[PDB]
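First comes the structure, then the notes that go with it.
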There are 2 protein chains.
Amino acid sequence: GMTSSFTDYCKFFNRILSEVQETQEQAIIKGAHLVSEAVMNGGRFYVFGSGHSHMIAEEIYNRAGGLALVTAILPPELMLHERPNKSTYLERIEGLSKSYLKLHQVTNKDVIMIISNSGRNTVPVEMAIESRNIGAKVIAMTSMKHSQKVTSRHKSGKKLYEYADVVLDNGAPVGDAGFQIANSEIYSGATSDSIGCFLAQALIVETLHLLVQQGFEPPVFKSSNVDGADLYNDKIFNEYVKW
Amino acid sequence: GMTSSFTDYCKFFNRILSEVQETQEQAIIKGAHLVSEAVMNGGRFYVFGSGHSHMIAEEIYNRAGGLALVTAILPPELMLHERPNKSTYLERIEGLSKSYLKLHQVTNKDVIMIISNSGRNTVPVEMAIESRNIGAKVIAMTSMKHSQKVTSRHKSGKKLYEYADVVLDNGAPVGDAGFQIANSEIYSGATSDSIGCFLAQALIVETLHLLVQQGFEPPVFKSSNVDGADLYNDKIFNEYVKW
Ligand SMILES: [Mg+2]
């Protein structure tokens, strides 16, 4: 009768996560220094991704344990829900990222994290370029494997990682679907968002640690089950959230 | 802990992930049977979550390694980007899920996965009730710890997991921000989405594995780096993607 892929997929996943945990500590720390420095300087933390990568922006925005100084840049035209494949077309268009930075009034006091697995398209690369132009620090989350292997589709000829102050490597294999289904040529089990979400939280957790060590009391959304969560959350929403 | 939280956060996280992997295998297998049987019987796999939970639907929808018979139900009004807190309010409203189900013409041949940490609010509970009433199979992804501790806000006085054919436990602690920022009262490091994504992926992998074993050749999107990826993808999109 039928066998199970679960043990195998767990092992596949756990290796990637191990390697990530083992190799990204220094990056996480340097990224957290960038973010904490910005916060302490009156700055914000902008987060952006295109396609599926946008979920890492969502992940650290407006939730329990969430730093209220985080603003997700979430253009729905680059998401998944308006029409299938729309975001694939738009990712190639020059001038979008620059408009977005303008709309959100990102300044040189700020930090931005840009998530892209391949880091090869116009939108994410432009976002890094225009951010540098503004003078904001850039964190890139990416698949260093995938991205090193691909050719830029941005006019610079460069990739996202090549414009970052700090790179966070999600460890995803080239393709982001690297688990081969037994007795077939079918590949699945993408790791970029699971591991990407882990890393995004680790960054925030590290940032908060750095702030606390320094005697900064950062605005962080309390989970409903803590006493007085709501009144506190309403207070800090009002004082802090920029969308 | 003195300077960095990263090692501690990894341990914290790996603990939860280990527990999830140690315990959810039978539930993964059961869910994959539901989905694989539906697929072979002319059905689809719908996926839905409110608030941050929506990203789990996104995760297995329209992507490399993705099963083309997955349709995410993604009402923007219950996402994060329109305005802050809108999803929180709307999740408590009667009648939305019944509309969504109609709009997506969900039928008795299908399966639906509903993701909610607490599983206590009207939207996900109403969705679960109506989906079984139609005749669909229901998979719930929830935090069993959180869900069991809280009272239901739905008029039936029951919770999401109580209405599902299979439950996936994301292992998240009550409140979903359980990691203490060393030597403060600040808590962070939400795990429901990182672990949630891994679970969604494990389910699909297992579903594909069951299908291949039964000689069914499923439509799975190929990644960019694969030969013929784009034609094949257009083909299966055209044949299968409903939205
Ligand atoms: Mg999303």
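Going through the structure tokens in order, the chains are called A, B, and so on, while each chain numbers its residues from 1 and the ligands are numbered from 1 in the order shown.
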
Within 7 Å of region 22-27 of chain B, counting only C-alpha atoms, which residues show up once you throw out same-chain ones fewer than 3 positions away? Write them as a short mmCIF file (atom, residue, chain, number, x, y, z; two decimals) with N, CA and C atoms, in the first residue's frame, please.
data_model
loop_
_atom_site.label_atom_id
_atom_site.label_comp_id
_atom_site.auth_asym_id
_atom_site.auth_seq_id
_atom_site.Cartn_x
_atom_site.Cartn_y
_atom_site.Cartn_z
N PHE A 6 6.13 12.45 4.31
CA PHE A 6 6.24 13.45 5.41
C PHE A 6 7.61 13.45 6.13
N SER B 18 9.70 21.08 16.04
CA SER B 18 9.86 19.67 16.36
C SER B 18 8.57 19.04 16.84
N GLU B 19 7.82 19.79 17.64
CA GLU B 19 6.62 19.21 18.28
C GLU B 19 5.60 18.98 17.18
N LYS B 30 -4.00 12.36 6.46
CA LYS B 30 -5.44 12.27 6.37
C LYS B 30 -5.94 13.37 5.41
N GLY B 31 -5.35 14.55 5.56
CA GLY B 31 -5.69 15.70 4.75
C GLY B 31 -5.32 15.50 3.30
N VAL B 166 -10.51 17.25 9.28
CA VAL B 166 -9.14 17.05 9.73
C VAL B 166 -8.61 18.35 10.31
N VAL B 167 -7.87 18.24 11.39
CA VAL B 167 -7.22 19.43 11.99
C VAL B 167 -5.70 19.38 11.91
N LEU B 168 -5.12 20.47 11.42
CA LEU B 168 -3.66 20.68 11.47
C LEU B 168 -3.32 21.68 12.57
N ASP B 169 -2.52 21.21 13.51
CA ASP B 169 -2.09 22.04 14.65
C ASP B 169 -0.74 22.72 14.32
#

**OP:** Give as JSON, numbers by chain every residue of chain A that touches chain B within 7 Å, counting only C-alpha atoms.
**Re:** {"A": [4, 5, 6, 9, 25, 55, 64, 65, 66, 74, 81, 175, 176, 177, 181, 182, 187, 188, 189, 190, 193, 194, 195, 197, 198, 201, 202, 205, 206, 208, 209, 223, 224, 225]}

Any chance you could export the current selection's C-alpha atoms as a tab-separated table (two decimals), in the first residue's frame?
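Okay, result-v6.tsv is ready:
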chain	number	residue	atom	x	y	z
A	4	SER	CA	4.36	8.74	3.11
A	5	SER	CA	6.50	11.67	2.06
A	6	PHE	CA	6.24	13.45	5.41
A	9	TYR	CA	9.91	16.36	3.51
A	25	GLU	CA	23.39	34.78	12.54
A	55	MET	CA	3.98	37.88	2.49
A	64	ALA	CA	1.01	40.59	17.95
A	65	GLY	CA	4.73	40.88	18.66
A	66	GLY	CA	4.82	43.37	15.85
A	74	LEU	CA	1.92	46.39	-0.10
A	81	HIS	CA	-5.28	38.19	-5.69
A	175	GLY	CA	13.75	27.05	-8.30
A	176	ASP	CA	12.21	27.34	-4.79
A	177	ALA	CA	10.63	23.97	-5.31
A	181	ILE	CA	8.15	13.57	-5.40
A	182	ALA	CA	9.17	9.93	-5.27
A	187	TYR	CA	9.07	19.03	-7.72
A	188	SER	CA	7.35	20.85	-4.86
A	189	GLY	CA	7.65	21.98	-1.27
A	190	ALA	CA	8.87	25.55	-1.65
A	193	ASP	CA	8.23	31.79	2.60
A	194	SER	CA	8.34	29.40	5.56
A	195	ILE	CA	12.03	30.10	6.13
A	197	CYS	CA	8.97	34.23	7.76
A	198	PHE	CA	11.25	32.66	10.34
A	201	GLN	CA	10.72	37.37	12.88
A	202	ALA	CA	14.31	36.63	13.94
A	205	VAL	CA	13.26	39.79	17.64
A	206	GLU	CA	16.95	40.78	17.40
A	208	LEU	CA	13.90	44.56	19.84
A	209	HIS	CA	16.67	43.01	21.91
A	223	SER	CA	-1.40	39.73	21.94
A	224	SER	CA	-5.08	39.78	22.96
A	225	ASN	CA	-4.46	37.40	25.87

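Nearest residue to residue 236 (chain A), choosing from A:136, A:142, A:99, A:69 and counting only C-alpha atoms: A:69.
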
Original post:
From the set B:77, B:94, B:37, B:227, which residue has the shortest atom-to-atom contact distance to residue 137 (chain B), counting only C-alpha atoms?
Top reply: B:37

Just want the 12 Å neighbourhood of residue 149 (chain B), counted on only C-alpha atoms, with same-chain residues fewer than 2 positions away dropped. Output as a PDB file with N, CA, C and O atoms, in the first residue's frame.
ATOM      1  N   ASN A 225      -4.434  38.133  24.599  1.00  0.00           N
ATOM      2  CA  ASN A 225      -4.465  37.398  25.870  1.00  0.00           C
ATOM      3  C   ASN A 225      -3.636  38.046  26.971  1.00  0.00           C
ATOM      4  O   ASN A 225      -3.633  37.571  28.113  1.00  0.00           O
TER       5      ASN A 225
ATOM      6  N   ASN B 117      -5.915  30.898  13.730  1.00  0.00           N
ATOM      7  CA  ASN B 117      -5.176  30.550  14.937  1.00  0.00           C
ATOM      8  C   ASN B 117      -6.087  30.209  16.071  1.00  0.00           C
ATOM      9  O   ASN B 117      -5.974  29.153  16.686  1.00  0.00           O
ATOM     10  N   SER B 118      -6.997  31.129  16.326  1.00  0.00           N
ATOM     11  CA  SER B 118      -7.901  31.023  17.462  1.00  0.00           C
ATOM     12  C   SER B 118      -9.131  30.207  17.095  1.00  0.00           C
ATOM     13  O   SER B 118      -9.685  29.507  17.930  1.00  0.00           O
ATOM     14  N   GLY B 119      -9.524  30.295  15.836  1.00  0.00           N
ATOM     15  CA  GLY B 119     -10.702  29.591  15.321  1.00  0.00           C
ATOM     16  C   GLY B 119     -11.992  29.913  16.035  1.00  0.00           C
ATOM     17  O   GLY B 119     -12.911  29.094  16.101  1.00  0.00           O
ATOM     18  N   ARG B 120     -12.083  31.129  16.550  1.00  0.00           N
ATOM     19  CA  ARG B 120     -13.179  31.468  17.420  1.00  0.00           C
ATOM     20  C   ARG B 120     -14.158  32.459  16.817  1.00  0.00           C
ATOM     21  O   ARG B 120     -15.246  32.676  17.360  1.00  0.00           O
ATOM     22  N   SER B 143      -4.227  26.861  15.944  1.00  0.00           N
ATOM     23  CA  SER B 143      -3.412  26.575  17.102  1.00  0.00           C
ATOM     24  C   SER B 143      -4.310  25.899  18.125  1.00  0.00           C
ATOM     25  O   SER B 143      -5.180  26.529  18.688  1.00  0.00           O
ATOM     26  N   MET B 144      -4.126  24.601  18.322  1.00  0.00           N
ATOM     27  CA  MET B 144      -5.026  23.849  19.222  1.00  0.00           C
ATOM     28  C   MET B 144      -4.912  24.409  20.622  1.00  0.00           C
ATOM     29  O   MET B 144      -5.870  24.427  21.375  1.00  0.00           O
ATOM     30  N   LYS B 145      -3.733  24.907  20.948  1.00  0.00           N
ATOM     31  CA  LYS B 145      -3.506  25.471  22.283  1.00  0.00           C
ATOM     32  C   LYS B 145      -4.342  26.724  22.525  1.00  0.00           C
ATOM     33  O   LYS B 145      -4.886  26.931  23.595  1.00  0.00           O
ATOM     34  N   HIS B 146      -4.411  27.565  21.515  1.00  0.00           N
ATOM     35  CA  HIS B 146      -5.068  28.867  21.636  1.00  0.00           C
ATOM     36  C   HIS B 146      -6.546  28.621  21.547  1.00  0.00           C
ATOM     37  O   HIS B 146      -7.341  29.167  22.313  1.00  0.00           O
ATOM     38  N   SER B 147      -6.910  27.765  20.600  1.00  0.00           N
ATOM     39  CA  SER B 147      -8.321  27.578  20.274  1.00  0.00           C
ATOM     40  C   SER B 147      -9.068  26.942  21.438  1.00  0.00           C
ATOM     41  O   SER B 147     -10.217  27.275  21.693  1.00  0.00           O
ATOM     42  N   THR B 151     -13.008  30.999  24.342  1.00  0.00           N
ATOM     43  CA  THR B 151     -14.407  30.727  24.034  1.00  0.00           C
ATOM     44  C   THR B 151     -14.720  31.191  22.620  1.00  0.00           C
ATOM     45  O   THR B 151     -14.096  32.121  22.097  1.00  0.00           O
ATOM     46  N   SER B 152     -15.683  30.508  22.008  1.00  0.00           N
ATOM     47  CA  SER B 152     -16.108  30.831  20.643  1.00  0.00           C
ATOM     48  C   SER B 152     -16.949  32.088  20.702  1.00  0.00           C
ATOM     49  O   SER B 152     -17.651  32.321  21.667  1.00  0.00           O
ATOM     50  N   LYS B 159     -16.171  26.160  17.805  1.00  0.00           N
ATOM     51  CA  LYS B 159     -14.948  26.679  17.216  1.00  0.00           C
ATOM     52  C   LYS B 159     -14.574  25.901  15.974  1.00  0.00           C
ATOM     53  O   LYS B 159     -15.035  24.784  15.733  1.00  0.00           O
ATOM     54  N   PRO B 173       1.872  28.936  20.479  1.00  0.00           N
ATOM     55  CA  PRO B 173       1.326  29.294  21.784  1.00  0.00           C
ATOM     56  C   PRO B 173       0.224  30.337  21.740  1.00  0.00           C
ATOM     57  O   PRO B 173       0.120  31.168  20.837  1.00  0.00           O
ATOM     58  N   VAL B 174      -0.624  30.249  22.740  1.00  0.00           N
ATOM     59  CA  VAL B 174      -1.708  31.212  22.905  1.00  0.00           C
ATOM     60  C   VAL B 174      -1.172  32.621  22.713  1.00  0.00           C
ATOM     61  O   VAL B 174      -0.201  33.035  23.337  1.00  0.00           O
ATOM     62  N   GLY B 175      -1.814  33.341  21.814  1.00  0.00           N
ATOM     63  CA  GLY B 175      -1.419  34.703  21.485  1.00  0.00           C
ATOM     64  C   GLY B 175      -0.424  34.829  20.317  1.00  0.00           C
ATOM     65  O   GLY B 175      -0.330  35.865  19.693  1.00  0.00           O
TER      66      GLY B 175
END

Residues of region 37-163 of chain B in strand (DSSP E or B) according to DSSP, as a PDB file with N, CA and C atoms, in the first residue's frame?
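Saved as states27.pdb:
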ATOM      1  N   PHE B  45      -9.314  22.318  -4.628  1.00  0.00           N
ATOM      2  CA  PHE B  45      -8.887  22.584  -3.278  1.00  0.00           C
ATOM      3  C   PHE B  45      -8.893  24.073  -3.082  1.00  0.00           C
ATOM      4  N   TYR B  46      -9.859  24.532  -2.300  1.00  0.00           N
ATOM      5  CA  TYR B  46      -9.963  25.944  -1.931  1.00  0.00           C
ATOM      6  C   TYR B  46      -9.241  26.161  -0.592  1.00  0.00           C
ATOM      7  N   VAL B  47      -8.686  27.340  -0.445  1.00  0.00           N
ATOM      8  CA  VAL B  47      -7.927  27.703   0.761  1.00  0.00           C
ATOM      9  C   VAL B  47      -8.216  29.111   1.154  1.00  0.00           C
ATOM     10  N   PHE B  48      -8.419  29.270   2.445  1.00  0.00           N
ATOM     11  CA  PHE B  48      -8.847  30.554   2.992  1.00  0.00           C
ATOM     12  C   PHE B  48      -8.339  30.787   4.415  1.00  0.00           C
ATOM     13  N   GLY B  49      -7.928  32.024   4.634  1.00  0.00           N
ATOM     14  CA  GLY B  49      -7.677  32.533   5.972  1.00  0.00           C
ATOM     15  C   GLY B  49      -7.963  34.026   6.083  1.00  0.00           C
ATOM     16  N   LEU B  67       0.198  23.049  -6.871  1.00  0.00           N
ATOM     17  CA  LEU B  67      -0.861  22.238  -7.470  1.00  0.00           C
ATOM     18  C   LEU B  67      -1.876  23.212  -8.055  1.00  0.00           C
ATOM     19  N   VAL B  70      -5.444  24.176  -6.801  1.00  0.00           N
ATOM     20  CA  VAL B  70      -5.585  25.049  -5.612  1.00  0.00           C
ATOM     21  C   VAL B  70      -6.092  26.422  -6.037  1.00  0.00           C
ATOM     22  N   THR B  71      -7.209  26.833  -5.446  1.00  0.00           N
ATOM     23  CA  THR B  71      -7.727  28.200  -5.572  1.00  0.00           C
ATOM     24  C   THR B  71      -7.785  28.837  -4.197  1.00  0.00           C
ATOM     25  N   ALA B  72      -7.013  29.899  -4.027  1.00  0.00           N
ATOM     26  CA  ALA B  72      -7.032  30.641  -2.777  1.00  0.00           C
ATOM     27  C   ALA B  72      -8.221  31.553  -2.864  1.00  0.00           C
ATOM     28  N   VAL B 111     -12.686  20.289  -1.630  1.00  0.00           N
ATOM     29  CA  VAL B 111     -12.156  20.452  -0.287  1.00  0.00           C
ATOM     30  C   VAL B 111     -11.772  21.894  -0.030  1.00  0.00           C
ATOM     31  N   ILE B 112     -11.930  22.318   1.201  1.00  0.00           N
ATOM     32  CA  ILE B 112     -11.519  23.617   1.634  1.00  0.00           C
ATOM     33  C   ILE B 112     -10.684  23.506   2.924  1.00  0.00           C
ATOM     34  N   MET B 113      -9.605  24.277   2.937  1.00  0.00           N
ATOM     35  CA  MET B 113      -8.794  24.461   4.106  1.00  0.00           C
ATOM     36  C   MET B 113      -8.993  25.859   4.623  1.00  0.00           C
ATOM     37  N   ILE B 114      -9.406  25.921   5.885  1.00  0.00           N
ATOM     38  CA  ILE B 114      -9.626  27.185   6.616  1.00  0.00           C
ATOM     39  C   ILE B 114      -8.563  27.305   7.696  1.00  0.00           C
ATOM     40  N   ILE B 115      -7.839  28.430   7.649  1.00  0.00           N
ATOM     41  CA  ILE B 115      -6.724  28.700   8.575  1.00  0.00           C
ATOM     42  C   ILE B 115      -7.139  29.834   9.521  1.00  0.00           C
ATOM     43  N   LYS B 137     -15.428  18.653   1.880  1.00  0.00           N
ATOM     44  CA  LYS B 137     -14.513  18.276   2.991  1.00  0.00           C
ATOM     45  C   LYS B 137     -13.798  19.520   3.550  1.00  0.00           C
ATOM     46  N   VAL B 138     -13.619  19.551   4.864  1.00  0.00           N
ATOM     47  CA  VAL B 138     -12.997  20.701   5.576  1.00  0.00           C
ATOM     48  C   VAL B 138     -11.733  20.288   6.341  1.00  0.00           C
ATOM     49  N   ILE B 139     -10.666  21.019   6.012  1.00  0.00           N
ATOM     50  CA  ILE B 139      -9.416  21.004   6.742  1.00  0.00           C
ATOM     51  C   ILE B 139      -9.281  22.307   7.456  1.00  0.00           C
ATOM     52  N   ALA B 140      -8.974  22.213   8.738  1.00  0.00           N
ATOM     53  CA  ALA B 140      -8.724  23.359   9.613  1.00  0.00           C
ATOM     54  C   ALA B 140      -7.236  23.368   9.962  1.00  0.00           C
ATOM     55  N   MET B 141      -6.633  24.547   9.815  1.00  0.00           N
ATOM     56  CA  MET B 141      -5.312  24.804  10.378  1.00  0.00           C
ATOM     57  C   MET B 141      -5.476  25.832  11.486  1.00  0.00           C
ATOM     58  N   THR B 142      -5.038  25.461  12.665  1.00  0.00           N
ATOM     59  CA  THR B 142      -5.327  26.266  13.847  1.00  0.00           C
ATOM     60  C   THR B 142      -4.217  26.057  14.890  1.00  0.00           C
TER      61      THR B 142
END

Subject >> For residue 235 (chain A), the nearest of the candidates A:93, A:68, A:165, A:20, counting only C-alpha atoms >> reply: A:68

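Closest approach to ligand 1 from the set B:41, B:36, B:50, B:107 is made by B:50, with distances taken over only C-alpha atoms and all ligand atoms.
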
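CA of residue 163 (chain A) lies 23.8 Å from CA of residue 42 (chain A).
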